[PDB]
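As structure tokens, one chain now follows by itself in the form deposited in one PDB entry.
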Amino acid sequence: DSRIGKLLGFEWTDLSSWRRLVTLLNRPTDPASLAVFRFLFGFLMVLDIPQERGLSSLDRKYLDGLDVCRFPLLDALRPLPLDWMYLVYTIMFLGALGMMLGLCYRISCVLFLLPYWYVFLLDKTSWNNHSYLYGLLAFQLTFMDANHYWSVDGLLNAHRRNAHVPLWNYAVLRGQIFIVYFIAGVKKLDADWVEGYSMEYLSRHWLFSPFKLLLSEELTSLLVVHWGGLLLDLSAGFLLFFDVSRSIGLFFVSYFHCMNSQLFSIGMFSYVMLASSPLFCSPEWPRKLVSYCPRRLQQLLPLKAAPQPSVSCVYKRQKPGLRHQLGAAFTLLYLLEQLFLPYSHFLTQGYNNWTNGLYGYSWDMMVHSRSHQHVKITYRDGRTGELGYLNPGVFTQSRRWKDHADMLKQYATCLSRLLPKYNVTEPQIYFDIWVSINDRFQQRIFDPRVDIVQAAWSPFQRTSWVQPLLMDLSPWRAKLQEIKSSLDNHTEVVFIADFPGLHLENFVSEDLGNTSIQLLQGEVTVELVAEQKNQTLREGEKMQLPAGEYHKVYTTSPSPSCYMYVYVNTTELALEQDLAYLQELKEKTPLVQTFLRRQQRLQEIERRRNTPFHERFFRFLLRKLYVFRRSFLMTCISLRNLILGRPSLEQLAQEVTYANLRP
């Protein structure tokens, strides 16, 4: 009855006390919009388990007898045997199936919640902003009365059938999707986003084609991608909330998630956030579409009647019991820590690198994109001193450890116990990783002189061996693209910034004839190791380097120096001086199949254009059919291995080739 009561759904007299806030948050609401989200979340988690949770690739990931460096969050979390990890994933599948149907919904929520967060914390490199969100939406829904409408719990239990839910089941769910949107909009106020650097390639997609009619493509990436994703994420939960702007807001966030379903392969994120945006609507909206259909159809649909009263709400005439005070407490406390954990990065400073905090829980999607130039992992034997070199990615199943100091300390520790199986007694492992974030200068992210096995990492101390991101060389990025545009189709360039006192030992391969180093800023001293000859360069001086030999670039400036490697691959150039000599004589013997393996690939990448959409889609459902069939058949192999036992290997072999069959 006031102006604010029609606008926010409550007046300030409902916030006058704790009892009036418990009464407001446990106000009886229609169960219908909460229980269509329960289906659409529990159905998109049934699909997510063989695809993105890794049930279909569980035999390749959690295989027994495999030397592997794992990255759990808590290091005491060890994965089970592969036979039991197929039971964790079929408990999580029955949990997402009983959350979808609403069958034993309190039991089926903790059958999905508990093995999801076991699997989620068992790999820090599988953390996304959506796989974190699906474990948040399944955490809230454990406590919500989502089986109060359109469930088989309504059919079995008669007092759960079409009964009222409290208001806090929506104020948490709307408050979560507002926090997902709005905090992502102030993570995108970074200088890499408002200047048009993160997702600079994204406007070259074909889905940004109508914006090219009015703007340039230089300005389509700046306005539509960067400022259009800022001013949508900043104001999505403001548009969806209020009644005057919801239909404008529902259209802008339906388009924003139908674009991101094709621009990126992020799992079910674009369909979970599409199924969540109708929680901001009026909670009666499934009943308002049930009534619009023909008359005998609604006996397969849920009931269109008014909801019966429930014990879970606070009604007007009732003193609120202990359950109703645990819903006004779960709403305020959890939406406080959902506003805090994207900014809790001053607390967990051991997880802090060039970007703040560990990835997954901060809603900074696409804000920071990396490109690695060089990883050099150098062990050193404990009883000999043999300075040897490891492969860059030996026992890891991921490449996220080279960005994060917590994972590099996990990789260096795991390599300290795995290398004695390869006659390295106690290694001293040094990581030399060159990352450039958002088209910047390539620099070392970690110090290459620190022994990471004995280096000190703790979760709440800022790490000593992480090099600072040189943000005073971020003005240079307009000049670096000017140099990249100045080059022809043949020469490539690697821009590199190095710290004082450090050097870069590069081995120019013999394929790279005519390579050279031009100093842009600072003062380096290029050593040629084969001749043992130095040459000090200053700003603007070029210097040619030999192919097939070693050279070292010693930084001798008191400030960080910057240079570039303008190289050309004269081996593949002389290969295309012969293959582009060979094709013109074709329309008139090691090299002839290398021409033919490129005329081979010219056949099938062109019929990527010449295939129809309906058979593209038919092949994509075949792929999906095979990823849902292998995940079902390799589960039954490992579910027989626990009940009936494990048979002979020749009979295990017959089933796995049967499971790996294309359908």
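Whichever C-alpha set is largest while still superposing within 1.5 Å between the two forms counts as the rigid core. Heads up: residue numbers just count along the shown sequence, starting at 1.
Quick note: we don't show the form deposited in another entry, though the next part is all about it.
| field | Displaced position between this form and the one not shown, chosen from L633, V68, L622, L596 (C-alpha, 2 Å or more, rigid core) | value | With the rigid core superposed, the residue that stands out is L596.
| Taking the rigid core as the frame, does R78 move its C-alpha by 2 Å or more between this form and the one not shown? | Not so; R78 is displaced by less than 2 Å.
| field | Is_shifted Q298 between this form and the one not shown (CA, 2 Å cut-off, rigid core) | value | Superposed on the core, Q298 moves its C-alpha 2 Å or more between this form and the one not shown.
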